[PDB]
């Protein structure tokens, strides 16, 4: 139902991590060790794909990585965090509303079909020690644009490649809506400067790889606030900066941007995801909150992840758990209660971008 993707550089990080464990240079963090502890095979007996899937399976439905993660092995190690932040996941979705936050959402008369690509932003906040992403992209406390570009390129390019080819297979082009990934909770102390850095990173990826993306057409970048409206031709692509908090009446994230429609385009929305969380994060705890939780709640994301058939609620703009679950219950009925009760795990097929820019198996 969903597809996990990662870069060639991340695949190298995983192979090195496995080898590092087998050579005794590292020990698994508690939550990885917990998933590993359920296995009959040791680490040296696993192949790279199983190993990767079990590290991804250590994610929890809801985690607040900017505040309640310690990066010291009592939950995850930095070595695991460097991998998990690079993992993205896509899935087909029904979009029941336009993705407006809070009470601002507008329901679609007939729900539209499209795709989500969950991608974790740079984790530039922490409750405890420095994060992997802080070490990667900060030079003595200062944001390095080229390093941030490289990070987002590593994380986003596999999804752009995936939907370039899927638009081709569907004989359409792709329209992609993108939020201000990493500019909210994950921005930490960089809240006040991060907005143009993320915009610049998106422009650099598209310009650098434009010749690999002939079926990508329109990019709708909506940072919400902190950026100015703009439109830029990037190769063949139309890249629009459209902050819906400063311009009124703009298209939502879960809606066709101007110039696209269901006949000519597939609609894909990027979700600002989270290193240690299942897709949707906040909404597993019933909160239709943040880009991640809003987009999950406003789609059938939870059905694609759990395999269950939920019910959309027009009043609260929300895909709810199945009636066969909520009906008898006197309490504790949100999607995370559904996963605890049914032993659901987050484990799916994984592909990696290879030397030639093709998605393929990890071996």
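Residue numbers count along the first chain shown, from 1.
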property	result
Of 66-74 and 37-45, the one with larger mean CA B-factor	37-45
Of 345-353 and 21-29, the one with larger mean CA B-factor	21-29
Residue, from 184, 252, 229, 196, that the PDB entry assigns the highest Cα B-factor	229
Largest Cα B-factor, entry values, listed residues 58, 301, 52, 333	333
Third of the chain's Cα B-factor distribution that residue 311 belongs to, per the entry	highest
Record-listed C-alpha B factor of residue 265: chain third	highest
B-factor third for the C-alpha atom of residue 92 within its chain	middle
Residue 171 - Cα temperature factor, lowest/middle/highest third of chain	highest
Ranked C-alpha temperature factor of residue 83 among modelled chain residues, by third	lowest
